[PDB]
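The structure under discussion appears below in the form of structure tokens.
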Amino acid sequence: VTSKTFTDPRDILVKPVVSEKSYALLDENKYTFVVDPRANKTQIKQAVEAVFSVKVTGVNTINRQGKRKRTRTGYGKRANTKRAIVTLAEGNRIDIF
Amino acid sequence: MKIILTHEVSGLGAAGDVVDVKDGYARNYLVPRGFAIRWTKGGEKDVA
Amino acid sequence: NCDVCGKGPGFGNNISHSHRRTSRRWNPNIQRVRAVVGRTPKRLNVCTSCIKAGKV
RNA sequence: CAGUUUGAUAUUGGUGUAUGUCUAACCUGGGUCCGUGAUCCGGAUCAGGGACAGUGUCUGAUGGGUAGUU
RNA sequence: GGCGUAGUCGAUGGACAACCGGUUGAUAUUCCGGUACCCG
RNA sequence: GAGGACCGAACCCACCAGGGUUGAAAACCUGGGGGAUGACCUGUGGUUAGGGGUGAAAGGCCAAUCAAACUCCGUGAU
RNA sequence: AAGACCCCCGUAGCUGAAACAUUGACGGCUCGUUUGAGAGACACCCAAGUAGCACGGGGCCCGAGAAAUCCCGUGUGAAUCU
RNA sequence: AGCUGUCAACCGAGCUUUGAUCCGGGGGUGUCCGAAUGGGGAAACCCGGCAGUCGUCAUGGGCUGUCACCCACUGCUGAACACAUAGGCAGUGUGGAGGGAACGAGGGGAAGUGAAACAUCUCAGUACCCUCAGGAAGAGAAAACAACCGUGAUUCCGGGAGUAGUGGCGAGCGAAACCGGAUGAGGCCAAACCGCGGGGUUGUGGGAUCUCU
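Residue numbers (the authors' numbering), protein chains in the order written: chain T, 6 to 102; chain G, 1 to 48; chain X, 4 to 59.
And the structure:
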């Protein structure tokens, strides 16, 4: 291992998503994360499996456009984001809180 | 162009003769086929 | 353009009896010749001055 | 002025009586083969044309096709 | 600078495997239920 | 059961009239009107560029501008 | 906090660089030379499709004119110290 | 001895005399596009080869390096065809590609305008375009001037002079000799002759080659 060929899965998993829809999805064992936009479903699956040592069944990814916002000077745009919904095997859970 | 013959050419001369011919005749026919070469001082000693 | 000596075309004026000037061009007398450079057969654009001098 | 066109001259040589003939410059948008998987290109090689044509410089003719103006 | 060979792009065409029903305030042939299909 | 065939909606067009004319619209509205299986209409992708393109030919069209587009430059033209 | 040489920042005047840049000097280092001069011979060499010349042009005070020198294209085309 | 850039206040939470913030020099990181250069493309998007490596029963998937074209050179092979070349293969190169406000050298080159019209002419070798640069560029060491006296590489500035001249002798255009200044610098090859090297470098002509002192 070196300082250039070092990769840690925790870089893919940016942060969890807290919301009413995400909470509703928790009951079905579907966890929503915000992930690095350059990652693909395969990376997301490997990252979750390595970080949480859980068996991932399926991964869905939603690409969300940043929301344009008005300001005093003019218009800015928030960052675009990629969201992943990870469905886990029965009996497996993640404590995100 | 005046030239040294290496072979005998009809109506021009024998081998080794120094003769003057039209430039086109020598450039396109004689020199390519080895019948003749350009005049040089070294040519004179070569004949001798 | 002769590929041997670099002789290029010249530019000047065409003059009428009324002395009106217009632009014309003196292109060199360049003839396409088959030659052997380094034992390899090749076709060149060469000016008759080079041909006359025996440069090809 | 472009364009079309005439002649001289260079590329352009041999040989015979302005005009024949020859091959070697030059031309083939002719055939076949190779680079090569290739209708371009080039190199071979056979088949022709041929010092003609094409092209450069010089030159006469024509030139509302175009351009500047009265 | 113009054209172009091998190539390489170029759908408005060709080839190629999923349907029904339910659900949220906002998505559904995408999630859920049942039964299917294709490539490795 | 053929047709540059007939009547007639969609679609394409614009012959007549009235309205509009600082308009609802920098060319339209209402009622009639022509073609409506063909030289037809249309979508998508290409392509032709200014003394030039294209033109079933009106000097028509070439981004509301065309007997020679538009922009910058010569330029503070005359 | 209203017109400041002495309230502050500064100015006059001095002073300062581990690091790297620019540029000097020196040493190493590198290179060049290590026979030369005179007299007599000889006509061997002294930049070629160039100079000149003919035609068609360009530029020079010079608008091609009796037009020199300079540059370009086409043909023709030398001599080497007499 | 404070600090957490600014619009730009505010909250919250922190760092700091074990020397922060701030300042200067060096170094590491530096996603994707762009000459863009692995292939493609509607720039910032898409899809790969080869080697290595992480992961898994394994595909799928990560991460690192590398892969455009042209040119220079070294080697292998050598077509139609027999030499042979063309071409193909291999190995390397801190070689090129593009950008840039003005200035420069060499080429191409307008018209409006003026001429109270207009074509020779002017505008003007300007605008613009093309190739190539450098910190400057270009020029530059006499096949030069001058006038029988003489100066001695080039460049730039002020004169000579709006003069000599040139011009539908119209509108216009326009030097040189020489003078005063800024700076000051000279070197090397080809040729002949001898085996890429030696040789030699000239205007009072010099060099070669041979003979003599």
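Just so you know, even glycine gets a beta-carbon here, dropped at the ideal spot from N, CA and C.
Original post:
Just the Cα atoms here: how many angstroms apart are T76(T) and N97(T)?
Top reply: Sequence index remark: in the first sequence, residue 76(T) carries index 71 (1-based). Sequence index remark: in the first sequence, residue 97(T) carries index 92 (1-based). When rounded, the distance between both Cα atoms is 45 Å.
Subject >> Residue closest to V53(T), alpha-carbon to alpha-carbon, out of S8(T), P21(T), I67(T), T7(T) >> reply: Looking up residue 53(T) in the first sequence gives position 48. Checking every option, the nearest Cα to that of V53(T) belongs to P21(T).
Subject >> Runs of beta strand (DSSP E) wholly within the segment 16-57 of chain T (minimum 3 residues, chain order) >> reply: Taking only runs of at least 3 residues, the beta strand (DSSP E) segments lying wholly in the segment 16-57 of chain T are 18-21, 35-40.
Original post:
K10(X): which of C50(X), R46(X), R23(X), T25(X) sits nearest, CA to CA?
Top reply: Your numbering for residue 10(X) matches position 7 in the third sequence. Considering only alpha carbons, the answer is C50(X).
**OP:** Measure the Cβ-Cβ separation of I99(T) and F57(T) and say whether it is below 8 Å.
**Re:** For the purposes of this step, residue 99(T) is identified with residue 94 of the first sequence, where counting begins at 1. For the purposes of this step, residue 57(T) is identified with residue 52 of the first sequence, where counting begins at 1. Yes, they are a contact pair.
Original post:
Taking C-beta to C-beta, are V23(T) and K87(T) nearer than 8 Å?
Top reply: For the purposes of this step, residue 23(T) is identified with residue 18 of the first sequence, where counting begins at 1. For the purposes of this step, residue 87(T) is identified with residue 82 of the first sequence, where counting begins at 1. By the CB criterion at 8 Å, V23(T) and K87(T) fall outside the cutoff.
Subject >> Strand pairing of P32(G), partner residues [DSSP] >> reply: Start at 1 with the first residue of the second sequence, and residue 32(G) comes out as number 32. DSSP, once it has assigned bridges, lists no residue as partnering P32(G).
**OP:** Output the distance between the C-alpha atoms of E8(G) and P44(X), rounded to the nearest integer angstrom.
**Re:** Within the second sequence, numbered from 1, the residue matching residue 8(G) stands at position 8. Within the third sequence, numbered from 1, the residue matching residue 44(X) stands at position 41. Going by the C-alpha atoms only, they are around 29 Å apart.
Original post:
Does DSSP put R38(G) in a helix, a strand or coil?
Top reply: Numbered from its first residue, the second sequence carries residue 38(G) at position 38. In this structure, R38(G) counts as strand in the three-state DSSP scheme.
**OP:** Just confirm the distance between the C-beta atoms of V21(G) and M1(G), as a whole number of angstroms; I'd bet it's less than 8 Å.
**Re:** If you number the second sequence from 1, residue 21(G) lands on position 21. If you number the second sequence from 1, residue 1(G) lands on position 1. Right, the Cβ-Cβ distance comes to about 6 Å (below 8 Å), so this counts as a contact.
Original post:
Taking DSSP as the reference, what is the three-state secondary structure of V61(T)?
Top reply: Your numbering for residue 61(T) matches position 56 in the first sequence. DSSP places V61(T) within a strand segment (E or B) once states are collapsed to three.
Subject >> Test item: CB-CB of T66(T) and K35(T) under 8 Å >> reply: As a working mapping, residue 66(T) is identified with position 61 in the first sequence. As a working mapping, residue 35(T) is identified with position 30 in the first sequence. For the 8 Å CB-CB criterion, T66(T) and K35(T) do not form a contact.
**OP:** Rank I33(X), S21(X), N17(X) by C-alpha distance to the C-alpha of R27(X) and give the top, closest one.
**Re:** For the purposes of this step, residue 27(X) is taken as residue 24 along the third sequence, with counting starting at 1. Ranking the options by Cα distance to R27(X), first place goes to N17(X).
Original post:
Near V61(T), which residues of its chain fall below 7 Å by C-beta distance, leaving aside the five closest residues on each side in sequence?
Top reply: Within the first sequence, numbered from 1, the residue matching residue 61(T) stands at position 56. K50, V53, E54, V91, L93.
**OP:** Kindly indicate the opening and closing residues of the alpha helix (DSSP H) around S52(X).
**Re:** Translated into positions along the third sequence, residue 52(X) becomes position 49. It spans 51-56 - the alpha helix (DSSP H) in which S52(X) sits, taken as one unbroken run.
Subject >> Limits of the unbroken beta strand (DSSP E) element including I3(G) >> reply: Translated into positions along the second sequence, residue 3(G) becomes position 3. Element bounds for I3(G): 2-5.
**OP:** Grab me the residues of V47(G)'s own chain with a C-beta within less than 8 Å of its C-beta, minus the 5 sequence neighbours each way, in chain order.
**Re:** Taking the first residue of the second sequence as position 1, residue 47(G) is located at position 47. Excluding residues within five positions, the ones whose Cβ falls inside 8 Å are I4, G16, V18.
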